[PDB]
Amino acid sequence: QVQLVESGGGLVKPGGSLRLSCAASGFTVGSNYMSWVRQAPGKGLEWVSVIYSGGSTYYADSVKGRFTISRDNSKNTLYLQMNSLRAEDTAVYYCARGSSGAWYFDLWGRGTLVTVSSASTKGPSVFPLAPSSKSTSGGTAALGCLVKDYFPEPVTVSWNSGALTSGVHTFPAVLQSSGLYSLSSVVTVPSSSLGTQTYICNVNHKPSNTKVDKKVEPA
């Protein structure tokens, strides 16, 4: 009932421009000190900008001149305008709420991943990893989905639209020699009920706004 959810991330060419949005529920952006903070390997977590309730904005030195934080109170959404993106701007971007204006970051969003590169987006192919006598052990059966050949990151995968989370393992993606990513997601379930339950992996690759629902059938 009280959360933050970011959107807008994806592939952007150097010098390009992107707009991130962040929709709040359970509180009003117009009466809160909202911040953007990013994270990437090397520099770790990095504060980027803030907008006060009254409206003052402040920016980190590394994005002064290029980024602009804003909010529309009608939609209760918060925005980060990103111009003239550079290689080093690749990061997960989080919006975060603070109190007291002294910066605590008490509530964060899920994050949205921005990849600055000159390559091209490619959506994945999804193939079932079907349960069979070679993926059963002691009454348990393994099954999964293989999410092959996409760029850039990330791919997210749900099972049964979010209703199946026990026993799921979505593996970190690997970089294939083609420069494309591949990942697998698997689940273990009872063997005895493979004939009566249905298992569907939901694959979302928002950088190429691609969505695939793949029923995984026993072999």
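So that there is no doubt, residue numbering starts at 1 and follows the sequence shown.
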Using only C-alpha atoms and the B-factors in the entry, which stretch averages higher, 182-190 or 34-42? 34-42
Mean C-alpha B factor from the entry: is it higher for 93-101 or for 145-153? 93-101
From 115, 125, 133, 74, pick the one with the largest CA B-factor in the entry? 74
Which listed residue, 62, 161, 170, 165, has the largest C-alpha temperature factor in the record? 62
Which third of the chain holds residue 85 when residues are ordered by C-alpha B factor: lowest, middle or highest? middle
Taking the chain's C-alpha temperature factors as the reference, tell me which third residue 203 falls into: lowest, middle or highest. lowest
Chain third (lowest, middle, highest) by recorded CA B-factor, residue given as residue 137: middle
Would you mind checking where the Cα B-factor of residue 107 ranks among the modelled residues of its chain, as the lowest, middle or highest third? middle
